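Visitor: Following this: a sequence and the matching experimental structure.
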Amino acid sequence: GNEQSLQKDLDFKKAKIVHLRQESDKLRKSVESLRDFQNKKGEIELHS
């Protein structure tokens with residue numbers, strides 16, 4: 001019974017990991033957007 005409770009807790013953690021995997025793409029998109037923002041700032045600096 002306690003092992004099954006830990007297993008359902010692990011299943012909930014796996015669902016949280018699946019949500020983290022879903023949001024990892026959003027984090028990578030934000031990171032690439034920040035990198036593109038740094039590139040845009042660099043392009044603005046090129047003339048500024």
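Guide: Perfect, I can see it now. Numbering: from 1, shown residues only.

Visitor: element containing residue 39?
Guide: Following DSSP states H and E, one finds residue 39 within helix 2-47.

Visitor: now that helix: how far from the chain's centre is it?
Guide: How far helix 2-47 lies from its chain's middle: 0 Å, per Cα atoms, centre = their mean, to the nearest Å.

Visitor: same thing with stretch 35-48?
Guide: How far stretch 35-48 lies from its chain's middle: 24 Å, per Cα atoms, centre = their mean.

Visitor: CA atoms of it as PDB?
Guide: The C-alpha trace of stretch 35-48 is given here as PDB (Å, rounded to 0.1, in the frame of the first residue of the first chain):
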ATOM      1  CA  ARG A  35      19.200  35.300 -28.200                       C
ATOM      2  CA  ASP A  36      17.400  36.900 -31.200                       C
ATOM      3  CA  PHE A  37      16.800  40.000 -29.000                       C
ATOM      4  CA  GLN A  38      20.500  40.100 -28.200                       C
ATOM      5  CA  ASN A  39      21.200  39.800 -32.000                       C
ATOM      6  CA  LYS A  40      18.600  42.600 -32.600                       C
ATOM      7  CA  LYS A  41      20.400  44.700 -29.900                       C
ATOM      8  CA  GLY A  42      23.700  43.900 -31.600                       C
ATOM      9  CA  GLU A  43      22.200  44.900 -35.000                       C
ATOM     10  CA  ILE A  44      20.900  48.200 -33.400                       C
ATOM     11  CA  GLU A  45      24.400  48.700 -31.800                       C
ATOM     12  CA  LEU A  46      25.900  48.100 -35.300                       C
ATOM     13  CA  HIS A  47      24.300  51.500 -36.300                       C
ATOM     14  CA  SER A  48      24.000  53.000 -32.800                       C
END
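
Visitor: Buried residues, it. List them.
Guide: Residues of stretch 35-48 include none that count as buried (16 or more other Cβ atoms under 10 Å). Quick note: C-beta positions are derived from backbone N, CA and C, even for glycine.
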